[PDB]
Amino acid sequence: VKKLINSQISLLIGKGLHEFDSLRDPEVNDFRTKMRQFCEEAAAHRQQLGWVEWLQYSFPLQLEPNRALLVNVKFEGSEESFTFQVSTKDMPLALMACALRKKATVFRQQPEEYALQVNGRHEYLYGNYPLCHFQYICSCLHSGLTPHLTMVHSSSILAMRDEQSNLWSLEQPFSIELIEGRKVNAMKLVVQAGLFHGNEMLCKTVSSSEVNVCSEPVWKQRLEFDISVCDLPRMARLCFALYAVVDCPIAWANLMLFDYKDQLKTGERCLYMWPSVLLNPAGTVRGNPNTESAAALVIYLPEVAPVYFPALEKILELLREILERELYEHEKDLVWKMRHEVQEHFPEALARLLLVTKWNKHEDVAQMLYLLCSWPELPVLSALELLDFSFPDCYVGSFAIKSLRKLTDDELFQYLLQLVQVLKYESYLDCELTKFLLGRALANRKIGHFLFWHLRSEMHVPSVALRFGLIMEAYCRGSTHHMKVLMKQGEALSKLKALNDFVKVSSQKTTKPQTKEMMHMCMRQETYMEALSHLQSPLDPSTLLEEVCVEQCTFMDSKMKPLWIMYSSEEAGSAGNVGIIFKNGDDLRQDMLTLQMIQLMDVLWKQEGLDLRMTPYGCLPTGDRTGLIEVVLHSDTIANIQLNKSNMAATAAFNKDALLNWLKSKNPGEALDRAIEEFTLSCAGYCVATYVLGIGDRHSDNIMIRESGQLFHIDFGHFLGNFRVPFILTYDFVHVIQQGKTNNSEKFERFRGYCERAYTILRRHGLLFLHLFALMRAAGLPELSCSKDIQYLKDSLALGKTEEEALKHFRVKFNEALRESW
C-alpha cells in the first residue's frame, strides 16, 4: 500500500520519487524525513477534529469582506423541500429551527446537530453569522435567485471525516581559487565574482584574467576578497558570472558559503551553470540539473582551519523622525546610532534599520540581531515587506514568519501566490516559510488545494522542480485523501490537453462544425467521459464539476484554440451549470496576477462599503503554458454586441445605441435602471483598476458584459505600461452611463464620484500593493522585472502626494480622458 501511495505521489507531482533518492543529498533526505514527520502529525490531529472543526478544515466559510428573503431547504436523503421566508438578519440556527419544525409537522412528529450545505457545491453555511454575511446568501440577493440549502447532520459530516483517513577567530581576507570550466562561445573569457547579502554587496566584486574562448578553460587563479573571513554573515551568498569579451554573457551560478548545517563550506566544488539572460544575486543557490549540457565551473573553498556559525547564545552574548516616513550616508549614521530608540519608539521602522546595518561586519550584525530578538511583533503589512529578498537573514525571516502567523486564512489565501514566489528566494530547502505554508495548508483544505496547484504549475521549470516537488510530496503525506482528489483533477487535465491537441490538428484540415462534432465523439469515449466528470474544479474546490455536457462543449477557432467545457449537476440545479476554459499555449501567470490584484481592490473597496459590482472569475495556471479560466456565463463581448446584427432585438438606428439596446433587451422595463447602475459601478471599478495597473490595449474584443449589465475584462496581456497608459473613457460606455442622453451630467458625475472613491481607497493601501508586487519579482514575469515596473505603481497611485494633490492629479487624467471620448 505504501508502494501504491509512492507511485500515486510520483504521478501527482509529475516527478518520480526515485529521483529524490538518486541525488544522495543529505539536505534533501533531511528535508523529506522531518517534513514527513510534521505533515503526518498534522494528519493525526485532523482525523480526531470535532465535526464543526472538520467542516472548518474542509469547507472553510465563504464570507463577505431587516429584509425578507425566500430560501428553499431540504434534507440529505429526500427530495421533498420547503420554501421558507426568513430575514437577512437571522442566523443559520433559526433557519435550521424552521426546517426541523417543518419536518416534524409533515412527518407528524436539535438545530445544533446540523450544518447547511449549498446545493451541489462543497460550500457550507454555519456559525453565528447573519445570512447576508455569507457570500452565497448575499450574492443570491443581487441576482434575485432563491437560496437552495440542504440540512446536513453531524453523523453525516463525521462519516466524511472518517472516510478521509490516511567562527570569530579568522581575520584573513576571504579568497577562493578559480580552477577551470567547460563552456561554449565565440574572443576572451572572464569570470566576475561577488559576495552578496540580499541585493547589497558585502565588498567589491573581483574578476579573473582574460583567457581565450578556446577551451575547456583553465584559470588556476586565486581570487581574494576585501572582507575578513570572520565578517561573513550566516546568509553569505557567493555569486559567479562567466562571460565573453572583445560584453557577451554566457552563464551564472550562485552558492551559499555556509551549508544548511551552519558549516563554512570547503574545499572543492563543481558549479553547474545556468545559461544567461551579469551578476545574479537573486538567482537560485542550487546548480543546473542538466549536468550533461550545462557549463561547469570548478572552484576551491579554502580549509580555513570544521567551523560552524556561532550559536544565538553567543550572538546574544556579543531630527530623526523627519526622514523616517532612500537616504544619505549621514542620515544612515543617525538611524544606526539611534537603533535602540527605533526599537522602543518606532518598532514598525525595523526594515529601514535593517537596511542601514553593516551586514559585512559581524560585531554590527550582532548589535542588530540583539535588538531583533527583543523586537515586538509587527502588523501583517510590515511582515510582508520583511519577506523581500532585501532581508535574507533567517532570524529576520523567522521574525517575519512570527509576525505573519496572525494572518487569517482569507488573508493567507489572498497573498498565497506571493508567498509561494518567495520560496524561490529561499537559501535552503528546510525553512520557516515552508513549514508555515505546509502547516496552514494541512489545516485548511482550500489553502492546501491552491498551494498544491501553485507548485504543480511550475514543475516544468528546472530551477524550482526539486524544491516544489519535495513540498508537494510532504503535503501528500499529510493528506492521502486529498492526494486522490487532486489526481482526479490531474487526470481530467491530462485528457483536456490530449483533446486540445486533437482539436488543433483537426481544425487545420477541416471546418469548425466538422472539428466540433469530432471533438464530441472524442469526448464521448468512455475513458474521457469518465476522466472529465465528477471532479472538484481546480479553479475553486467548492465548485463541483459533475456531468460534462458534451453537446455544449466547443472551441474557439482561433489562436491557441482554447476549449469551452460545460458541466451540469441535477443536485445543484441551475447552480450546477458551470463551465471552464482550458487553454494550452499561453503563459497564464500574468493573467492570474492581474485578476488577483483586481480581486484585492474589490476586497479593499468592500471593506469601506463600496461595492463596484466586480466579476472576480478564477484563473489558474496548472502546467507548462496550461491552465484554466472560469466561464462567466450569460455574457458577450462588446465587439460581438457592436457587430449590430439585424434580425435581433438590439438592432439600432445608430451604432452607439447597440450596447444600450442589448441591455434593454436583457432587462425589460423596470429592470433597466438597475442594469445601467450595475454597468456604471463595474465600469468605474475596471477603469480605475486598469489605470492603476497600467493595463493598455483595451478594446471591444477584450471587454465583456453580463446580462445584469456588469462589465468585466478578459485576456490581459500587458500591464505596468509595458505596451505610461492614460485613463480611459470610452464613448459607448459613457453613452450607457448617461442613459442614452447626449448630456446627463447628473449621471456622469455620479460615475466620476465612484472612480474618485475607488481611486482614493486604493491609495490608502498603496503600500500593500507595493510589498505584494515586490514579492512578485521572484516570479520571472517579463513585465515585472525591475524598479521601473514597481515605479509604475507609485506614479499611478501618486503615493508621494497628499490625498488632495493626488486627487487633483487624477482629475486632470480623468478630464483629459473625457476629452479623448469624441
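The numbering used is simple: start at 1 and walk along the sequence shown. Here the rigid core means the biggest group of C-alpha atoms that line up within 1.5 Å when the two forms are laid on top of each other.
Core-fitted comparison in 9 other deposited structures of this protein shows that, between 555-563 and 262-270, the CA atoms farther from the shown form belong to 555-563. The stretch that strays farther, by root mean square C-alpha distance over structures and residues in 9 other deposited structures of this protein after a rigid core fit, is 177-185, when 177-185 is set against 350-358.
Count the deposited residues lacking coordinates between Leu318 and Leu319 and you get 10 or more of them. The stretch of deposited sequence separating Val246 from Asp247 contains 10 or more residues lacking coordinates in this entry. When the mean C-alpha temperature factors of 595-603 and 640-648 are read from the deposited coordinates, 640-648 comes out higher. The deposited model assigns a higher average Cα B-factor to 714-722 than to the other stretch when 365-373 and 714-722 are compared. Of all the options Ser708, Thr690, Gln85, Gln525, the entry's greatest CA B-factor is assigned to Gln85. Per the PDB record, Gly144 has a higher Cα B-factor than any other of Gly579, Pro562, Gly144, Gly120. Among the modelled residues of its chain, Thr284 has a C-alpha B-factor that falls in the middle third, as given in the PDB entry. Split the chain's modelled residues into thirds by C-alpha temperature factor. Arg763 is in the lowest one. The PDB entry assigns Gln791 a C-alpha temperature factor belonging to the highest third of its chain's modelled residues. In the deposited entry, the Cα temperature factor of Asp21 sits in the middle third of values across the chain's modelled residues. Split the chain's modelled residues into thirds by C-alpha temperature factor. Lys446 is in the lowest one.
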